[PDB]
Amino acid sequence: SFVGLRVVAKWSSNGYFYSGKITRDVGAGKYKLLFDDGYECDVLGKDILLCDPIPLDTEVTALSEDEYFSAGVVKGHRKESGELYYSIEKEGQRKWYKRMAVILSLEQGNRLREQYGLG
Amino acid sequence: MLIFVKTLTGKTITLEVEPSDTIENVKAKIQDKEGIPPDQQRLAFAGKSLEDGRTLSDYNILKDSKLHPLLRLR
């Protein structure tokens, strides 16, 4: 049911949500997640957003070219060769970011939980 | 100040630091959180190594609070 779905999920109380996919429901409200960067761990369902792609006008945190993460707003997405890219605006300028370069702060992800949270 | 550190496993962790933190202190913070001994840690920011003997301020990385640098272990 949720297995194989793309999600954004955090693994600590006050942590950031990172993109990945669910690989298993392990019960006790936990799910095994494979994050896109290769990290695998069990995460609480309350900490999973079943949101893919992240919707337009969501405030996110994105890794720019210069290797700083900072806040921006999603303005579009595109799928190419099976990879997803987001068009994100920062300080008035849009650039294209790989999916795995886009994360959510606690506050940013909490804004999505009512609509998209698991459970 | 919030920073991110990408480990060799693919996992990214956060830390709080100030410009006055020494690189050795950053490595000790990474050990404390993630268990990686400092002797295994080689840090970089945007392709430039952050070396023992220095502080974060020496690299002019930390600006205002909204910019969160990603350091990488190599």
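When reading the values below, keep in mind they use all heavy atoms of this one structure, side chains included, and skip hydrogens, waters and symmetry mates. All chains are named by letter (A, B, ...) in the order of the sequence lines, taking the proteins before the strands, and each is independently numbered beginning at 1.
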Peer 1: Heavy-atom distances under 4.5 Å only: say whether B:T12 touches chain A with side chain, backbone, both or neither.
Peer 2: both
Peer 1: Does A:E89 pair with A:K95 as a salt bridge, N-O distance under 4.0 Å?
Peer 2: no
Peer 1: Which heavy-atom pair separates A:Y85 from A:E80 by the least distance, and what is that distance?
Peer 2: CE1-CB, 4.0 Å
Peer 1: Report which part of A:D36 has an atom under 4.5 Å of a heavy atom belonging to chain B: side chain, backbone, both, or neither.
Peer 2: neither
Peer 1: Just so I understand: if I count every heavy-atom pair under 4.5 Å between each of B:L71, B:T7, B:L70, B:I3 and chain A, which residue has the most?
Peer 2: B:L70
Peer 1: Apply salt bridge (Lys or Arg N to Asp or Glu O under 4.0 Å) to A:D25 and A:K30, showing your working.
Peer 2: CA-CA 7 Å; A:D25 180 354; A:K30 285 182 193 223; over 6 Å; no
Peer 1: State plainly whether the residues A:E67 and B:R72 are in salt-bridge range, i.e. N to O under 4.0 Å.
Peer 2: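 Result for this pair is yes, salt bridge flagged.
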